[PDB]
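Next up is one chain by itself, shown in structure tokens, the form deposited without the named molecule.
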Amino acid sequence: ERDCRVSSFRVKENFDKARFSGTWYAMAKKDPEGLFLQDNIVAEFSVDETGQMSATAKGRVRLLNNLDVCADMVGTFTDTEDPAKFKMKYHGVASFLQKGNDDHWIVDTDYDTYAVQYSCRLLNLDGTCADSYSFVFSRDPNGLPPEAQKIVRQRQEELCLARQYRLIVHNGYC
């Protein structure tokens, strides 16, 4: 019926890095295989004079099986032909924490209220994503307003992930 091919997913038109800078609170997440960031996830986006966007994040992470710890992560984005699609090289301040390079797409955002992020780490042979993750961010840690909430639900469905998210709590644990 619907199209779940990654190549069919729309992303933010004319994405503006500058307007996207600042603090974003993760309110919900769709986990990929071997999930890392558990909860209390807060991201800080910045952009430098060269126009390169980067980010840092803090929150509870799954160190080992049933073993969690608060950690600081770092991300650097490399542009692609699409202003909303990036390559994100990431690592923790601790060399032993998870690191790698994932696609990082800004599916949608209004810059001052909500943001929907998406990443397909591995494609299925039919174009759909085999292993994906997605973060719904809010400028306000208390949650998104109803109008933004409804738009996000629509985006989550468009990514074929609407039934697969879990809420992210912010209780100062970290």
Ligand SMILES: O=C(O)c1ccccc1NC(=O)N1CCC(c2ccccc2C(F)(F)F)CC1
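We number the residues from 1 along the sequence you see.
The discussion below concerns the form deposited with the named molecule bound, not included here.
Placed here by superposing the C-alphas around the site, the named molecule (as posed in the deposited complex) has at least 3 atoms within 2.4 Å of backbone or C-beta atoms: blocked pocket. Contact between residue 88 and the named molecule in the deposited complex is found at the 4.5 Å heavy atom cutoff.
Interface residue remark: residue 45 is counted as part of the site for the named molecule in the deposited complex, having a heavy atom within 4.5 Å. Using a 4.5 Å cutoff between non-hydrogen atoms, residue 130 does not count as a contact of the named molecule in the deposited complex. By the criterion of a heavy atom within 4.5 Å, residue 148 is excluded from the residues contacting the named molecule in the deposited complex.
Note that among 140 to 148, 107 to 115, 36 to 44, 122 to 130, the stretch whose heavy atoms approach the named molecule to within 4.5 Å in the deposited complex is 36 to 44. Counting a residue when any of its non-hydrogen atoms is within 4.5 Å of the named molecule in the deposited complex, there are no hits in 151 to 174.
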